[PDB]
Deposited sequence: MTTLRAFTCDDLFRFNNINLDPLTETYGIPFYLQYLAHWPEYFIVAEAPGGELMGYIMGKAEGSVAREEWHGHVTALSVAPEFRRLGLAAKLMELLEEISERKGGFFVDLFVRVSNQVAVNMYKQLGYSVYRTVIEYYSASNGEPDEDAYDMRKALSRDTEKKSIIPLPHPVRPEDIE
């Protein structure tokens, strides 16, 4: 329901989404960089009466003619009263469609190796596994958690 684009003044309503232990808030230079540079990959979803169901950030930063023009996924979250609806597969489908439109060459992803929910979701969508970045997710005393770089190859094009 209501797959629109993440306007600023939705950084003040996305608090059923970012009060998760697995979802970060990134600061305001991060959100405004991803709103200025790549506003295509920044879909939010809204329920009948507000209640932001869940956003998806993302970028496409690489270099063509080295076969590395890839489209990232740099946040994905669904609010915990709106999960198991098929919303997260819808947002990943829209990011794969957008990053297939502007050329293509895989879609990457960074998921920590603690949650079998997200990893066993990306295995089922089609994402294979690439290298495991060691001590990637830093803190915020808590230990550093490794990250499965995940890559899904789609519709090879320069």
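Asks: What ranges of the deposited sequence are left out of this structure?
Replies: Deposited residues absent from the model fall in 1, 142, 161-178.
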